[PDB]
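Take a look at the structure set out below.
Any read-out appearing in this document is the output of simple, stated calculations on the displayed coordinates, not a laboratory observation. Positions of Cβ are generated from backbone atoms using ideal geometry, with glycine treated the same way; all protein chains shown enter the neighbour counts.
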Amino acid sequence: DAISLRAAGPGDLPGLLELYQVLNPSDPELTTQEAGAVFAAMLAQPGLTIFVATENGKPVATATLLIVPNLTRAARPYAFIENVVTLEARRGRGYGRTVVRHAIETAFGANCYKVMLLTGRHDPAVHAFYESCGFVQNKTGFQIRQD
Amino acid sequence: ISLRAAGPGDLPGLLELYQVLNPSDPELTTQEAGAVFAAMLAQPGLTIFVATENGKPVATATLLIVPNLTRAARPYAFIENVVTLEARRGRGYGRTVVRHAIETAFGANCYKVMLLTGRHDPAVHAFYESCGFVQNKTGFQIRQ
């Protein structure tokens with residue numbers, strides 16, 4: 001079909017790399033070959049799913065869901081959502097909302113008690129976008145980085 | 001005072017710690033509950049760290065190292081479920097376990113280590129700043 005939503009798989013790597021280049025324009029442009037080993041590890045990782053929205057078969061948005069086993073809250077898992085990206089060039093078409101909301105729904109279907117997300121974006125429009133996906137800005141994020 | 005990854009025997013001690021963390025949570029055996037603990041021990045990239053005092057787990061933090069394609073395909077990490085037994089707080093156990101988790105992540109070439117905590121909690125935020133964390137990510141959550 002013309003518009004779809006699915007988990008990523010083998011052949012999706014080139015398209016995903018293009019999205020991640022949009023996400024971080026200063027990142028080096030990894031080739032499909034350079035990225036193959038980590039992509040395979042991701043596909044093999046228990047509880048990790050990369051979701052894509054596609055338009056005419058091209059990935060146009062993505063979000064990664066991480067479901068984590070857990071002993072708190074009646075031993076119910078929790079989840080994070082990471083590396084969400086959409087395109088300039090598809091702004092306001094809803095593909096980001098589709099993929100993030102799908103990831104949330106997938107986590108809740110897996111009995112996660114909460115889904116969390118951290119964003120470093122300065123842009124209030126990004127924050128509003130996450131609220132429109134059902135997130136509430138009621139947690140405080142912390143980060144430490146290294147070179 | 002020793003830092004190590006959790007193992008099969010640590011379930012009661014971890015359950016006690018998690019009960020301290022969330023006093024409202026329903027109790028768990030052993031099992032239950034042994035099934036999930038088994039899943040966590042089996043989960044790739046996940047480590048439950050404990051600080052032990054003469055054998056007994058007195059503090060814990062969970063490290064999640066996640067494979068990733070951005071930033072030249074460097075991994076990143078989350079830290080979760082950080083707690084120290086009340087009687088042992090202020091002795092540096094919590095700081096030590098958190099710092100150990102950060103160092104483990106950085107040793108695996110993670111470019112960042114992140115965590116989410118409750119809003120407007122001055123003691124907790126000062127604690128994380130004291131471990132080297134910067135409050136420069138905006139946190140979102142949805143619950144069911």
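Below are the figures for this structure:
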item	result
Kyte-Doolittle at least -0.5, axis length at least 18 Å by Cα - qualifying DSSP helices, chain B	B:93-107
DSSP bridge orientation in chain B - percent antiparallel, rounded to nearest 5	90 percent
Cα gyration tensor category, rounded, prolate or oblate, for chain A with a/c compared to 1.5	rounded
Signed unit charges on C-beta, dipole axis of the range B:13-144, positive-most listed residue B:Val58, B:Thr29, B:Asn109	B:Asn109
Helix-only CD estimate at 222 nm, as mean residue ellipticity for chain A, using -39500 (n - 2.57) per DSSP H run (n ≥ 4)	-10500 deg cm²/dmol
Relative contact order %, chain A, counting alpha carbon pairs below 8 Å whose residues are six or more apart	20 percent
Vicinal HN-Hα couplings computed from phi for the range B:76-90 (Karplus, 6.51 cos²θ - 1.76 cosθ + 1.60; Hz; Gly/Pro x)	10, 9, 10, 10, 9, 6, 8, 7, 10, 3, 3, 5, 10, 5, x
Average beta carbon contacts from partner chains per residue of B:127-139, 10 Å cutoff	5
Kirkwood Rh, Cα atoms: Rg over Rh of the protein assembly as shown	0.97
In order through the range A:134-145: 3J(HN,Hα) via Karplus (6.51 cos²θ - 1.76 cosθ + 1.60), integer Hz, x for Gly, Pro	x, 5, 10, 7, 10, 10, 10, x, 10, 8, 10, 10
